[PDB]
Amino acid sequence: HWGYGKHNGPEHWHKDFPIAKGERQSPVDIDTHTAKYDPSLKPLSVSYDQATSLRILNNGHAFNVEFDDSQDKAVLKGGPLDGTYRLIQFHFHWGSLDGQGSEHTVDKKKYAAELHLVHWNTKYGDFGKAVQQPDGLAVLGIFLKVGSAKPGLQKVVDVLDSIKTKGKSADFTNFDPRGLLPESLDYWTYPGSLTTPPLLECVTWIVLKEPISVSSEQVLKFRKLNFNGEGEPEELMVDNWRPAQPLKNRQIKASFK
Ligand SMILES: O[B-]1(O)OCc2ccccc21
Ligand SMILES: [Zn+2]
C-alpha cells in the first residue's frame, strides 16, 4: 500500500495511480515573481463561527480533525470560488526536521509543515461525489514556521497521545479552527489535485501568503505519531509530504500586489 517510505513513497505512486503524472498535480512550487496579481479575485470568505468538530483520527498517513458537514456550518466562499464549499476536515503535512515538511514551496522555500483545511462544493451533495469533479474541492493551505507557539493549536497537540497509531480515533468536539488562521487572508490560487492517492484532479488550491508560527515543542509532538498500527514496529509519522510537481500548463494567481 502507498506511503512515504523508500519502497512505497511518492516516486512509486504512479504505478497504482497513473494520474500522478497528470496535467494538474499538486503540490507545486509557487514562484512569487511569476504569479499574476488578479484584481478581479475576491476576498476570501472564511465563515467558521458555527463549525462543529467531532473527532480526530490517525489514518496512517496524517491525522484528520473531522467536522459535521451535514449542514452549512463552516464554509469557504469567495476568492476564486463559485458557490459554497463546506468544511469536512483538516490535517497537516510535516517533516522530520524544521527545514522541510511543507508540500507547497514558495520560491523553493520549504516550511516546517502545512495545514490543509478541506472543503467540498455543496452543489455535488457530498464529498465522494465532489472529488469526481474538476471544481469539487477547495483546500485552504497554510504554512507553519517554527517560532512562537500557536495557542489555538495546543488542543490538537494535546490529544495526539490518544491517537498515536494508525486507526485510533478520539472525540474532538468544540475545536475552533479560527485559531489556526494567520491575520492576513492574502493568497495564491491555482487548479490542482489531492496530494495523496488517489491524486484526483478536483482541487482549487488557495494557499495563504502569511504563515502561522508554531513552537518547536508543538511540531515535536506531531513527530511522535506513528504511521504503523498498535503492536506493529514503530515507524514515526514524519515527512508525510509529497514534493513539488510540474506546473505544466497552469498559472498561479495572486490576490494581492
Ligand atoms: O492533502 B491530501 O491529499 O490529503 C488527504 C486529503 C483530503 C482532502 C483533500 C486533500 C487531501
Ligand atoms: Zn493534505
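Nothing in this text is a laboratory measurement; each read-out follows from the coordinates by a stated rule. We place every Cβ from the backbone using ideal geometry, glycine too, and count neighbours over all the protein chains shown.
What distance in nm lies between label points placed 7 Å from Cα along the C-beta direction at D239 and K36?
Each label point lies 7 Å from its Cα, and together they span 3.8 nm.
Going by how many other Cβ atoms sit within 10 Å of their own, how do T34, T122 line up, fewest first?
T34, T122
Only counting other Cβ atoms within 10 Å, I'd like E183, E201, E11 sorted with the fewest neighbours first.
Fewest-to-most Cβ neighbours within 10 Å comes out as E183, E11, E201.
Would you mind putting 126-132, 193-199 in packing order, based on average other-beta-carbon counts within 10 Å, highest first?
Descending mean neighbour count gives 193-199, 126-132.
Hey, with R₀ at 45 Å, roughly what FRET efficiency would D82 and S215 work out to, going by the Cβ-Cβ distance, to 0.05?
0.70
Mind listing the phi-derived Karplus ³J(HN,Hα) values for segment 111-122, rounded to whole Hz, using 6.51, -1.76 and 1.60 with θ = phi - 60°, and x for any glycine or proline?
Going residue by residue, I get 8, 5, 6, 8, 8, 10, 9, 9, 10, 10, 6, 4 Hz, with x marking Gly and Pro.
Taking square-rooted eigenvalues a ≥ b ≥ c of the alpha carbon gyration tensor, is segment 5-55 rounded, prolate or oblate, where a/c under 1.5 means rounded and, failing that, a/b exceeding b/c means prolate?
Cα axes put segment 5-55 in the oblate bin.
Going through the cross-link list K15/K209; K73/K168; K42/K164, which pairs have a Cα-Cα distance over 30 Å in this structure?
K15/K209; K42/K164
What number results when the radius of gyration of the chain, computed over Cα atoms, is divided by 2.2 N^0.38 Å?
Computed over Cα atoms of the chain, the ratio equals 0.95.
How do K155, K166 line up, fewest other C-beta atoms within 10 Å first?
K155, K166
Considering only C-alpha atoms, what is the centroid distance from segment 13-33 to segment 57-116, in Å?
Here the answer is 17 Å between Cα centres.
Among DSSP beta bridges whose residues both lie in segment 140-257, state the antiparallel percentage, nearest 5.
65 percent
Which trypsin sites (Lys or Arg not before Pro) in segment 1-48 pass both tests, a DSSP loop state and at most 11 other beta-carbon atoms within 10 Å?
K6
Helix-only estimate, please: 222 nm mean residue ellipticity of the chain, summing -39500 (n - 2.57) across DSSP H runs of length 4 or more and dividing by its residues, to the nearest 500.
Counting only the DSSP helices, I get -1500 deg cm²/dmol.
Cα-Cα pairs above 17 Å in segment 161-223: how many percent?
Looking at segment 161-223, the distances longer than 17 Å represent 67 percent of pairs.
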